[PDB]
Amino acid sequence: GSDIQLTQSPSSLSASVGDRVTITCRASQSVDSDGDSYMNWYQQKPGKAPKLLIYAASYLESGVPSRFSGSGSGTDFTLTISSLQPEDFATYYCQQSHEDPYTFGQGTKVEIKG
């Protein structure tokens, strides 16, 4: 109630190395403002802290591999891992920075096939 809610899909997905993986984030209210979309993506491996991948919907954080790309606008956003690498298997979160309080998504697990 009164918080911009974030829903991610799929809830979970397994893939192989080399695959292209797409994760959706849909916000309850638009997060656009002044020509940008304040939606940030995080990677978090088990037991360790999150890591900032993309900020403001589509900009790559310094020293992050180019295979991570973010896209979307308004209320729909998509993180894309173009060629899944072995160190890319983790839970992925989106988070809006448009209105207080800041809220995260529920998470999206990216598991290996076997």
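Position 1 is the first residue in the sequence shown; the rest follow in order.
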{"property": "Residue 23 - Cα temperature factor, lowest/middle/highest third of chain", "result": "lowest"}
{"property": "CA B-factor ranking of residue 49, expressed as a third of its chain", "result": "highest"}
{"property": "Within-chain third of residue 12 by Cα B-factor, per the entry", "result": "lowest"}
{"property": "Third assignment of residue 104 from its chain's C-alpha B-factors", "result": "middle"}
{"property": "For residue 112, the third of its chain into which the C-alpha B factor falls", "result": "middle"}
